Amino acid sequence: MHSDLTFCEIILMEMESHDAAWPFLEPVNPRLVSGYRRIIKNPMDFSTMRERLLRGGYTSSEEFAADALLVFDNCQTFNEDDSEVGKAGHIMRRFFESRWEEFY
Ligand SMILES: Cn1cc(CCn2cnc(-c3cnn(C)c3)c2-c2ccc(C#N)cc2)cn1
């Protein structure tokens, strides 16, 4: 478990600092984005994961991964694949998948 929870910190810090992470650093502010409140049932972003991971609220490495994939599904649900946010999210999702397999 400790080996697992350590890899998540390596992964999230690399995601937090990735060039394409700029759409995921703080929660989407629905005041600024038409339709986001209606379309996305369960928001998630890197800061929410970082709080939860610090406070220690990830039982398993698979709970963490679930939160990561929820970020990118929300992104694909709300943003077109050729939008600025969309393009960035594909890079981040492919980065997460590629590096997550580098341990599991
Ligand atoms: C925090 N805020 C900023 C905005 C306006 C810009 N904007 C429009 N669309 C998105 C968006 C939609 N989906 N995703 C994953 C991001 C954003 C945006 C840009 C950067 C961040 C950060 N960090 C968060 C959101 C709205 N909220």
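Residues numbered from 1 in each chain as written, not as in the entry; some residues may be left out. Heavy atoms only, no water.

Method of determination, as annotated in the archive: X-ray crystallography, at 2.5000 Å resolution.

**Side note on helix α1 (residues 2-17)**
In plain terms, the rule: Only DSSP runs of H or I covering at least 4 residues are called helices, and only runs of E covering at least 2 are called strands; the numbering of each starts at the N terminus. Here, expected helix span is obtained from the residue count minus one, scaled by 1.5 Å. Burial status follows relative accessibility: with a 1.4 Å probe on protein chains alone, a residue under 20% of its type maximum counts as buried, one over 50% as exposed, and anything between as partly exposed. Along the arc lie the directions from the helix axis toward the C-beta atoms. Any two residues having at least one pair of non-hydrogen atoms within 4.5 Å are treated as being in contact.
Over its 16 residues, α1 runs 23 Å from end to end, which matches the ideal 22 Å to within 8%, given 1.5 Å per residue. If you check which residues of α1 are buried, you get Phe7, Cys8, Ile11, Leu12 and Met15. The buried residues of α1 all sit within an arc of 130° when viewed along its axis, so they share a single face. Structural note: α1 exposes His2 and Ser17 on the side pointing more than 90 degrees away from its buried face. Contact partners of the buried residues in α1: α3 (46-55), α4 (61-78) and α5 (84-101).

**Examining the packing of α4 against α5**
Let me state the cut-off plainly: The convention used is that axes are lines fitted to C-alpha atoms, helices contributing only their stretch in contact, and that angles between N-to-C directions extend from 0 to 180 degrees. For classification purposes, angles smaller than 35 degrees are called roughly parallel, those larger than 145 roughly antiparallel, those between 65 and 115 roughly perpendicular, and all remaining angles oblique. Handedness of a crossing is defined here by the sense of rotation of the near helix relative to the far one, left-handed for an anticlockwise turn of less than a right angle and right-handed for a clockwise turn. Classification used: nonpolar for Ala, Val, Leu, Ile, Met, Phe, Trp, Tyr, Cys and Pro, charged for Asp, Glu, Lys and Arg, polar for all others including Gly.
Close contact between α4 and α5 brings their axes to 9 Å; oriented N to C, the two are set at 160°. What the angle tells us is that α4 and α5 run roughly antiparallel. Here α4 and α5 pass one another in a crossing that is left-handed. Packed against α4, whose contacting residues are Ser61, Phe64, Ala65, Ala68, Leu69, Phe72, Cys75 and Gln76, the element α5 presents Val85, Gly86, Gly89, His90, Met92, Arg93, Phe96 and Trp100 at the interface. Grouping the constituent residues of the contact of α4 with α5 by class yields 10 nonpolar, five polar and one charged.

**Side note on the site of the ligand**
So the rule is basically this: Proximity criterion: a residue is near a molecule or strand once any of its heavy atoms comes within 4 Å of it. Identification of polar contacts relies on pairs of N or O atoms within 3.5 Å, with a donor-acceptor requirement for protein atoms, meaning one able to donate a hydrogen and the other able to accept it, and with residues adjacent in sequence counted only if both atoms are side-chain atoms. What sets the accessible areas is the Shrake-Rupley method with a 1.4 Å probe; for residues, cover comes only from the shown protein chains.
Every residue lining the ligand is accounted for by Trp22, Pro23, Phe24, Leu25, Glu26, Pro27, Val28, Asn29, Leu32, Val33, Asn79 and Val85. Take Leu25: an N or O atom from its main chain is 3.1 Å from a nitrogen atom of the ligand. For the ligand, a nitrogen atom lies 2.9 Å from a polar atom in the backbone of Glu26. Alone, the ligand offers 530 Å² of accessible surface; in the complex the protein occludes 76% of this. By residue class, the composition of the shell around the ligand is nine nonpolar, two polar and one charged.

**A word on the side chain of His90**
With respect to the helices, strands and loops of the structure, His90 is situated in helix α5. Here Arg93 takes part through its side chain, which lies 2.9 Å from a polar atom of the side chain of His90. Ignoring sequence-local partners within four residues, the contact set of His90 consists of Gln76 and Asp81.

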